[PDB]
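Below you'll find the structure, written out as structure tokens, and then a few comments.
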Amino acid sequence: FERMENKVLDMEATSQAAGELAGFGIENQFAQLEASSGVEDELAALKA
Amino acid sequence: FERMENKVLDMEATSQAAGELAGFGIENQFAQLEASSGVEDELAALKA
Amino acid sequence: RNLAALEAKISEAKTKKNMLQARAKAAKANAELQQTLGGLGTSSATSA
Amino acid sequence: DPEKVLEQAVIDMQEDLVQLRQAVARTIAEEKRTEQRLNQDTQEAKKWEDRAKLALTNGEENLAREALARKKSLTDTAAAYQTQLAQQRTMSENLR
Amino acid sequence: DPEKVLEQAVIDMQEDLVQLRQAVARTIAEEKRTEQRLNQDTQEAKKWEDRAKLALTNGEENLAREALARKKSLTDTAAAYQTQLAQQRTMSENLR
């Protein structure tokens with residue numbers, strides 16, 4: 001169980017490496033995606 | 001009979017070694033076990 | 001009483017480790033899925 | 001040539017989607033099992049609770065308390081499995 | 001010729017960026033571990049605190065104080081690890 005537990009920490013360490021690099025300018029494009037999402041909500045209000 | 005008697009003392013000496021090491025923090029967990037035992041007794045009173 | 005207590009140790013010790021091992025294996029499997037989703041390589045076509 | 005590289009990357013994408021489907025399907029299998037496991041476990045405590053009710057009928061408080069011991073063990077497992085099921089559900093949606 | 005030197009320096013730059021990525025990734029791994037380490041440690045003090053609560057039930061003040069001894073040891077480690085985690089976070093951003 002200790003042996004497997006170390007592997008879990010390795011995955012968490014990999015998650016740390018995976019998570020830290022995740023940050024990119026793409027986050028700005030998500031705001032555009034959410035901005036476009038409001039359009040359908042605005043159109044949804046038009047349907048209402 | 002003397003020969004066997006010495007072996008008995010060896011077992012008692014082993015018991016001394018076995019008994020002395022028996023002490024551990026697990027004794028505290030027994031109090032929890034007995035504490036949980038009271039719950040069923042309390043529930044037993046509820047049934048009564 | 002020693003046998004009764006010993007049986008409890010064996011049952012819980014066996015089952016707890018197995019489920020721990022199973023979930024631990026599940027944990028890495030989920031982590032691999034997330035890593036692979038980020039590790040998609042079709043973006044290499046930009047060179048073409 | 002970019003033509004070949006772009007085509008190859010497209011071909012690679014075909015492999016990746018299949019694997020994630022398998023991972024999701026694996027996730028579906030895991031959540032189902034714990035759901036199955038936790039469901040029956042919750043009942044076993046009721047069964048042993050009934051064994052106590054027999055004890056409640058006459059005498060064997062020990063059996064009643066013993067039944068509680070199984071009850072306490074089972075409910076803890078259900079909570080642990082319930083916690084585990086939450087992780088799979090979150091992970092399942094993440095992959096989805 | 002400057003052409004070759006300029007090209008070679010460009011080629012060298014390709015190596016350097018990869019190494020810093022590895023260093024960052026190493027930094028990510030280190031911070032994750034201490035995060036994992038400190039998180040569980042904080043709980044262990046609670047667990048031993050519970051062992052004291054058993055002592056609080058009846059008698060064994062020694063066990064309660066003993067439990068505090070583990071509590072004191074663990075919290076100090078968490079503070080030290082918390083301090084260590086701060087250094088990695090600062091260092092990580094520096095490299096970033």
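Each chain in the structure tokens gets a letter, A, B and so on, in the order shown; residues start at 1 in every chain, and ligands are counted from 1 in the order they appear.
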- Task: Up to 6 Å from chain E, what residues of chain A turn up? Count only C-alpha atoms and give them as an MDAnalysis selection string.
- Result: chainID A and resid 13 16:17
Would you write out those residues with N, CA and C atoms, as a PDB file, in the first residue's frame?
ATOM      1  N   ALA A  13       2.242  14.795  -8.557  1.00  0.00           N
ATOM      2  CA  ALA A  13       3.349  15.575  -9.097  1.00  0.00           C
ATOM      3  C   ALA A  13       3.171  15.805 -10.592  1.00  0.00           C
ATOM      4  N   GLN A  16       0.645  18.424 -10.917  1.00  0.00           N
ATOM      5  CA  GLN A  16       1.264  19.728 -10.702  1.00  0.00           C
ATOM      6  C   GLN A  16       1.940  20.217 -11.976  1.00  0.00           C
ATOM      7  N   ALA A  17       2.702  19.339 -12.632  1.00  0.00           N
ATOM      8  CA  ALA A  17       3.316  19.702 -13.906  1.00  0.00           C
ATOM      9  C   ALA A  17       2.257  19.949 -14.972  1.00  0.00           C
TER      10      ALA A  17
END
Could you make a table, as a Markdown table, of the residues of chain C that have an atom within 7 Å of an atom of chain A, each with its nearest atom pair and distance in Å to one decimal, counting only C-alpha atoms, in chain and number order?
| residue | atom | partner | partner_atom | distance |
| --- | --- | --- | --- | --- |
| C:17 | CA | A:1 | CA | 6.8 |
| C:24 | CA | A:8 | CA | 6.9 |
| C:28 | CA | A:11 | CA | 6.6 |
With 8 Å as the cut-off and only C-alpha atoms counted, what is the closest atom pair between each nearby residue of chain D and region 30-47 of chain B? Distances in Å to one decimal, ordered by chain and number, as CSV.
residue,atom,partner,partner_atom,distance
D:56,CA,B:47,CA,6.2
D:61,CA,B:44,CA,6.4
D:64,CA,B:40,CA,6.6
D:65,CA,B:40,CA,4.4
D:66,CA,B:40,CA,8.0
D:68,CA,B:40,CA,6.3
- Task: Skip residue 39 (chain E) itself and residues of its chain fewer than 6 positions away, then list as number ranges by chain all residues within 12 Å of it, counting only C-alpha atoms.
- Result: E: 32-33, 45-46, 74-75, 77-79, 81-82, 85
- Message: Give me, as a PyMOL selection string, all polymer residues having an atom no more than 8 Å from residue 29 (chain C), counting only C-alpha atoms and skipping those fewer than 4 positions away in the same chain.
- Response: (chain C and resi 25+33) or (chain D and resi 23)
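A straight line drawn from CA of residue 53 (chain E) to CA of residue 25 (chain B) is 13.8 Å long.
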- Task: Show me which bits of chain D are within 6 Å of chain C, counting only C-alpha atoms, as a PyMOL selection string.
- Result: chain D and resi 1-3+5-6+9-10+13
Dump of C-alpha atoms for the selected residues, as a PDB file, in the first residue's frame:
ATOM      1  CA  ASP D   1       5.524  18.179 -46.511  1.00  0.00           C
ATOM      2  CA  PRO D   2       2.745  19.767 -44.429  1.00  0.00           C
ATOM      3  CA  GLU D   3       0.177  17.764 -46.413  1.00  0.00           C
ATOM      4  CA  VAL D   5       2.011  15.877 -41.496  1.00  0.00           C
ATOM      5  CA  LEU D   6      -1.468  17.412 -41.419  1.00  0.00           C
ATOM      6  CA  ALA D   9      -2.144  14.267 -37.345  1.00  0.00           C
ATOM      7  CA  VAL D  10      -5.721  13.822 -38.566  1.00  0.00           C
ATOM      8  CA  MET D  13      -6.809  12.074 -33.898  1.00  0.00           C
TER       9      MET D  13
END
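CA of residue 72 (chain D) lies 10.5 Å from CA of residue 49 (chain D).
With CA of residue 73 (chain E) on one side and CA of residue 42 (chain E) on the other, the separation reads 10.6 Å.
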- Query: Got a sec to tell me which of chain C DSSP assigns to alpha helix (DSSP H), as a PyMOL selection string?
  - Reply: chain C and resi 2-38
